[PDB]
Amino acid sequence: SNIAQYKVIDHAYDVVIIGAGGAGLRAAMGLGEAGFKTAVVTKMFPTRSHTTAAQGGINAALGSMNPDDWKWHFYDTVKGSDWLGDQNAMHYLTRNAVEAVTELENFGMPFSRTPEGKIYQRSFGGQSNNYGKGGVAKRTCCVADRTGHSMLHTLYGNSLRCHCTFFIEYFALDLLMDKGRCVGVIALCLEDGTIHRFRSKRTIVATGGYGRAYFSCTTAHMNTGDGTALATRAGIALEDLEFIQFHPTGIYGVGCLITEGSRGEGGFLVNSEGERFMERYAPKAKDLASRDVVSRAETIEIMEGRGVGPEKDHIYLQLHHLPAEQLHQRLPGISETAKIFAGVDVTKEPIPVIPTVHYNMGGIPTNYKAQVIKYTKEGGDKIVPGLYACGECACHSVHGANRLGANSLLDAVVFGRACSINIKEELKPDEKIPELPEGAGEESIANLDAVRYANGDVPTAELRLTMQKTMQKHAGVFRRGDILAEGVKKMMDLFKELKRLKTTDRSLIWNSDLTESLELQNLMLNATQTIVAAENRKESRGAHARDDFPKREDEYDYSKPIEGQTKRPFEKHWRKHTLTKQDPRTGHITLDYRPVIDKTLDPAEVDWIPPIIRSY
Amino acid sequence: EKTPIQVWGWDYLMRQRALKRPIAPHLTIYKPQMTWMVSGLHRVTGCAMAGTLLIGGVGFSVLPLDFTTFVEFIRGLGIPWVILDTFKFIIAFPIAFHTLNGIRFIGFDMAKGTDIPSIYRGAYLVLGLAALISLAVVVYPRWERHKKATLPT
Amino acid sequence: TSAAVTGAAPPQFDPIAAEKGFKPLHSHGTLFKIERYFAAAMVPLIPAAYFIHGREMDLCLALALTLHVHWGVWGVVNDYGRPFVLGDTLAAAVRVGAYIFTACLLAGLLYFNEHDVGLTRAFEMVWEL
Amino acid sequence: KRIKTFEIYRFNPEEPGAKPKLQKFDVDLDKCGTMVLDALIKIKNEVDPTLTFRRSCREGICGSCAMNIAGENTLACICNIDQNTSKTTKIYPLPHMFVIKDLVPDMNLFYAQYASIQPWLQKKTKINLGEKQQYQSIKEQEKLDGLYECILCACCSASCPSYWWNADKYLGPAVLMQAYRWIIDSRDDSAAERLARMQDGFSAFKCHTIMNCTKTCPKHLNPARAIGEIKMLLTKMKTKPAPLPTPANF
Ligand SMILES: Cc1cc2nc3c(=O)[nH]c(=O)nc-3n(C[C@H](O)[C@H](O)[C@H](O)COP(=O)(O)OP(=O)(O)OC[C@H]3O[C@@H](n4cnc5c(N)ncnc54)[C@H](O)[C@@H]3O)c2cc1C
Ligand code: HEM
Ligand SMILES: Cc1ccccc1C(=O)Nc1cccc(OC(C)C)c1
Ligand code: SF4
Ligand code: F3S
Ligand code: FES
């Protein structure tokens, strides 16, 4: 850190939360409730966190509309994870879904109500009553079109009562580590350019995902997957990074989300020939089939020319057939959102949409206790002390290969709640606040000091763009071994351009040029790991679909009957998590693979669902 | 006697001064709109009249002048058939506009007429009746005295 | 290096802890009510002054006007007579002045009714030009 | 070469004894997106990266990008660039706020005031958390429509001249409407004590019905109005029809 001097500021808390998104805030409320001196660290105001932009709804088996068993939720979630989903985590999610969302009503979330006065639910993507046998399920509870805005503002409000101390606009640089143990976090106070070291017995990572690793995305600009990168720079393997979900109905132009609620209310996808083409691709579910299918099904129509508009390159979402007193009631957000960015009167015209990057199931590997883990091939799942994770940045996993619709706001909440529940217990008040080793994150700063005065000939702005495109091309909805190899070749050579970086802005106080550069740093780690994982995965499963490996590789062939066959070895078949372990400095990436936890938590409360062929 | 938040609000203002932090512009930069321009002209006139009543009530008291000398003094120049009623219109309008607008500005204390159509309508409505009543009050006796120069009896 | 100083938690408003002690119930609300009532009552009055002139009207005008302008100037004195931009006691000077303005106003108007044309007659005479 | 020219407010606290500035930035509208924010980014990305400013969402739902654009307080991301290349779009920060750097202002007071209204659900009978849905009717919950949407951009408090003057004491439109939002929520019980906290002559009443809040607001909402009901509520010219009856089969 030679070229400057820095104001270093220590602290001491019980538990630090890097994140003020749904998960981080819920996590905080429970810890305040428990009585911990809880520091919430966020690189922007909590209400600006991504959650806010969420639209469709949040999932729970409430049966405000009709009878519902959470076990039917649990099913559609395991089939949604294309059996790459650790079911012990999914069991936790779907069991407590009804308690957690009810909590939110009890925190003053203004859920839309049915005439009965109950929480109005709608239908959504990839759900169904009676274990896939029955109808299309109505579990997706909502505040009409704007569920995530109202969930966050509510969760935040209630966290002003938890006596939790807020560090707002603080960019977290690294997880402060002591040989296996997370003793705290380091950050940069944007307000005064001071550096802050937070000592803590625990550390919850709720940073969200890396939607900006791709060119087009519904995500917000601050989806740079920092927490995911922090873990890597502390020496942890990330999980299932190649599984990037593509949301079907992202607007043609900017890529802003048009909800799946727009489809769950009775809207549908129409090609250049005026065919509701999803009725072919999904005989049963139609336009409420899972997102990886619907987004693929779009791309097929485009790539075969029946795409619409002046480039025959996107398609339509249709709402000019639903009654306008429902559009206005159930979809006012997208109504205006479409009317602004597309100029579309949704009651008169369709909305030009296209598959778009949205959610990263992939993240920091954890158990069901939302605790970060490492995975030796012999020792197994060895946890990381003083470290927890939840939200989009985590991979429990409750989404394996494909996240279900309306499940993340729940994943954010339930496992945020879980973080505190699980910490309240396993933390004990005799355990003193850990001291920092001398010269902690002297590198963390050095790194910053480098980027701050960046001297090379590549503008930080341009190196991002070329990453984003190099990505957009190679790791699309349909990917192939030759493309991916050729992607990895470019991405790894873009990584070497990091030493050739340029930044003009030199100031400490509110340097959006410097901070964005650290985001790019973090994004490049995620991205590199995303594509090397994808290149290597020789199968089609969930979001990640390989033209050259278009069957779901499983222990058994599951189309044929089970008995009579003979289970493959762990090496050949791909029912396993992808654990990329990048060398933060050089960029070398090594892999290893970890089993899917098939068992539930209580075999007495529910049965583990056998892998059947995922059809909608 | 401050509420706990308004205490904090002060301590803040201090802390904000401390940092020599500049303040964003406002009147300097903000655009003219019929919401607050009207607010200005309600309060501009409101005051002007009260300052008149002081400059009038206390001014004529302290000074030796009675009002009857003043009314005669101006007829000294005996300014044009126009320029008088101009000043009459200038004197009616602050009372006219204000008093009308007072019924409107009470409205928005009751949530009555607070949407942008109701705001912008009322703005023209009040200016209309203030233009009418001040012109009508001023050009009525003037059109009764020039109804002597030629009259029946 | 990490030869740091230990810092403190950032300044923040605790609405639960500020709830200790706070009993202020000096319900200004009922005063607002009467300001507006009165002003609505003056809606017929201005017409009445146009039509029914006289010394006793002057008195209703000079009583009401001094009472409504008193409430008015106090408003404008609080908006612009700010402690921040004036310093505490100097703001209290304007503050007190808002009451001086009222008492000087009424006396100014009372002198004029009782030793001059009066409000009503003053308009007749200037409209007569 | 449809070169739009921009006059952006500039300022550097780093630079010793420096003062507010105005910089002119030119932008090729053919090489740019349709929204103001796109240019500001384009500018940071291609021209001067020191141009510091707040963004997060692109869809106008976060509240981060509040600022002044051609004399009005609005969100950049969903405000359209003025296509007339002979003219300039004049970009300043949110009026009468202390500026940190360029278009970034300190919020904390605004944030702190919205914290003082106890923006969360309060009920006298201690109910259990994840146990039961509380009752609220379609008519009841629909009241909040117009209130719950506020993203806390502060375009409205930044436009209110009464806020400019007495910002420390007068809560300002956006914060008030959230105070109101929690008042009329049927499920909410401690609604009198909420009024109790802004009974004084500044907190609430210093609203001189100017109406910029409602006119400037990028989400088309109406604070002036909810202030209305507060004035009626505080004067006891009105009060809320208390909770509807939660039926015994619900
Ligand atoms: C357009 C859209 C619509 C959606 N709709 C739905 C829906 O209807 N239902 C549903 O279930 N899910 C939905 N999702 C998914 C869901 O909203 C998110 O995945 C979820 O809200 C993530 O919450 P989180 O707490 O993990 O992190 P986020 O809400 O993403 O916030 C991340 C937090 O981490 C902090 N952070 C990041 N980096 C740093 C750093 N370096 N230092 C310090 N702090 C940092 C940020 O300040 C931020 O507060 C939607 C997503 C999008 C994009
Ligand atoms: C006759 C009917 C009148 C009505 C209904 C009326 C109503 C009102 C109202 C409601 C206000 C408060 C508005 C606010 O707070 O912004 C006000 C303020 C004021 N009025 Fe009047 N008024 C009337 C006549 C007058 C007259 C004749 C004067 C003459 C001097 C006057 C001077 C003022 C002043 C100085 C204020 C100051 C506060 C301000 O502008 O904000 N008013 N009036
Ligand atoms: C503060 C106040 C209360 C009630 C009625 C009017 C005002 C008032 O003068 N606003 C105001 C004050 C100064 C300037 C301004 O316009 C600027 C945009 C030029 C408006
Ligand atoms: S009200 Fe309209 S303007 Fe005032 S904050 Fe909420 S949204 Fe921004
Ligand atoms: S702009 Fe200003 S004073 Fe009252 S109603 Fe709107 S706040
Ligand atoms: S950046 Fe989200 S409000 Fe425009």
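Numbering of chain C is taken from Swiss-Prot, so the residues present carry the numbers 28-156, in order.
For this deposited structure, the header notes the method as X-ray crystallography, 3.7 Å.
Note that Cβ sites are derived from N, Cα and C of the backbone, with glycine treated the same way.
The heme b binding site feature in Swiss-Prot is assigned to C:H95; the stated evidence is experimental evidence. According to Swiss-Prot, the feature rhodoquinol binding site maps to C:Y107. The topological domain 'Mitochondrial intermembrane' annotation in Swiss-Prot covers C:79-83, C:142-156 and is backed by a curator's inference. The annotation topological domain 'Mitochondrial matrix' is assigned in Swiss-Prot to C:105-119. Summarising the annotation, Swiss-Prot assigns transmembrane segment to C:60-78, C:84-104, C:120-141.
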Based on DSSP, tally up the residues of the topological domain 'Mitochondrial intermembrane' (C:79-83) by helix, strand and coil. 2 helix, 0 strand, 3 coil
Please count the residues of the topological domain 'Mitochondrial matrix' (C:105-119) that DSSP assigns to helix (H, G, I), strand (E, B) and coil. 12 helix, 0 strand, 3 coil
For the transmembrane segment (C:60-78), could you work out the same-chain residues 6 or more beyond its ends whose Cβ comes under 8 Å from its Cβ atoms? 84, 87-88, 91, 94-95, 98, 146-147, 150
C:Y107 (rhodoquinol binding site) versus the residue listed as 'heme b binding site' - Cα distance in angstrom: 19
Among the binding-site residues listed here, C:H95, C:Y107, whose Cβ has the fewest other Cβ atoms inside 10 Å? C:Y107
Given the topological domain 'Mitochondrial intermembrane' (C:79-83), its same-chain partners at Cβ distance under 8 Å and 6+ residues beyond its ends are 140, 145, 147-148, 150-151
Please report the DSSP secondary structure of the residue listed as 'heme b binding site', reduced to three states. helix
Six or more residues beyond either end and a Cβ under 8 Å away: which residues meet both conditions relative to the topological domain 'Mitochondrial intermembrane' (C:142-156)? 76, 80-82, 84-85, 88-89, 136
Can you name the far-off residues of the same chain, 6+ from the ends of the topological domain 'Mitochondrial matrix' (C:105-119), with a Cβ under 8 Å from a Cβ of it? 125
Report the DSSP secondary-structure composition of the topological domain 'Mitochondrial intermembrane' (C:142-156) as helix, strand and coil residue counts. 10 helix, 0 strand, 5 coil
